[PDB]
């Protein structure tokens, strides 16, 4: 029955053939034992693996999706690798090209002529025609997809397709005789390269090929500039903008295994030894990645140059992505179910009252906002990342994990500023706060850059202007992460009580809680960012520009901030120079940015619209705010949105993540985030290879 080995899942006799000997040579060299389980379809193998009848099998992204789905739940453990040694790639973007000139956008495709690579394909048929599902005018399944496509474009050239029922879909192909529209290279507009020649020649207005096609068809760079790419936001972009202007990303075939009790490590150790002893470029005849004579891609791909262990964070949907899973869902869904998902917002929520506030908002909204919930902020972001949720209102550090995973700022949380505004904000800009490093003018050995040695005043350990940014750019150049081996003695409330990081700290009236992250440790907050500096303890202090000119002039608490002018404090200064806190408008660190609402670039416009309206009934000036539910008002905990925000206000040419956060901000946050690692960020970076 079952031993210590790994049971592979063969689907053909020829597939079990290769495995019958894979198992034999594997005992012979001594490397993990492997036995075969032969079924009849990969679908079969899904079920056998899923109930302990087999342990491993490699599948397509269509079947990865389905194997990680409700009943079965297997996961991607290893990617295949394609290309040459110089350039191995794990995946690629399915892309839509068009002549530079034509001012048609993805939305206005209806009624143009298309060139496709081949019916039922990926890149050429399934990816583009499942994404366009909305505009198609298609009932769903038993209806041949192909007559909704027959009606949508005027003429086209979809290779494999029957020019018999539907002749315009074969209409623009270029084969003669009994090869016109053939489903081989005897139809000269077949493939990536023929879908492109279809377009170059003038037969279609768009081609659906992949990232590479133009680069491979037109070397020159001169020629390639007579083309644009249509992005999913409805714009056009040059042909190397495919990374940010693409239709879908297509993963390399994966080996899957069970999530519970999957035997991963075993399967992976078996895979390293046969890759090591029989893989591409090996001495042998038994080659893992290589098949017989009429036998193709048995087991693995004959095209492949190795395997790769995929991060344990990654599951069925992150491996695939949202764009791919969407392309699959719209091909086999009911125009019914399709415009319900197309219209409403699922809100990733975090923890339970954030849970109950959205379901409160849900019923309240008469269901145009719905609720997915993750056990954390990261698992929320991965949910939106795989289409299981559309939104979440995120801080500036997560925004970057967010924008590093393909995601985008929708609406910003415009602060009203705790007390009083007057009366409109949606269109009033965002400001954001000028992060600043202040000094005493009784000090003169001290410039940004003359600082290792000095005393610091931090606001707290791990807050945005008082730690993360001052420590970001300060530590940027070097790649050491010892953020205590730069100042002599810093007071950073959050740090170790004995260290060079809590030595200046105040403590409770010079008494109790010393170097503690609250008001009980006096030299903490803005507050004691300006008070270890202002009482000659700190040489410098990390605050927002306001801690000075909302504390100087004669204003803090009894005794220190009293009789202190503000022209007594001369700002600092990154340039290398130094000026007074007044104009912190040239002499700042970043502007530490507003908490925003991040979604995918598809949801974006719908979402934007639905939150201007949400806010309009329940937002600060809710014509139902006091009256029903209240947008900004948490159950005392900054739930869903932050308590002191005036409104959600549109970004304004502040549309990218790094166009939003600021590039001083990205640096800060990039330095640090290598120092403190994120597995959603590991998982993210891996998925570009």
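Residue numbers count along the first chain shown, from 1.
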* When the C-alpha temperature factors are averaged for each of 107-115 and 267-275, which stretch ends up with the higher value in the entry? -> 267-275
* Asked: Hey, which bit's got the bigger mean C-alpha B factor in the entry, 81-89 or 303-311?
  -> 81-89
* **Most elevated Cα B-factor in the entry, residues 180, 617, 482, 197** => 482
* **Per the PDB entry, maximal CA B factor within 202, 470, 576, 262** => 576
* To do: Ordered by C-alpha B-factor within the chain, which third holds residue 639? Give me lowest, middle or highest, please.
  => middle
* **Third of chain Cα B-factors occupied by residue 657** => highest
* To do: Select lowest, middle or highest to describe the third in which the CA B-factor of residue 141 falls within its chain in this entry.
  => highest
* To do: Would you check the entry's CA temperature factor for residue 365 and let me know if it's in the chain's lowest, middle or highest third?
  => highest
* In terms of the chain's CA B-factor thirds, is residue 555 lowest, middle or highest? -> highest
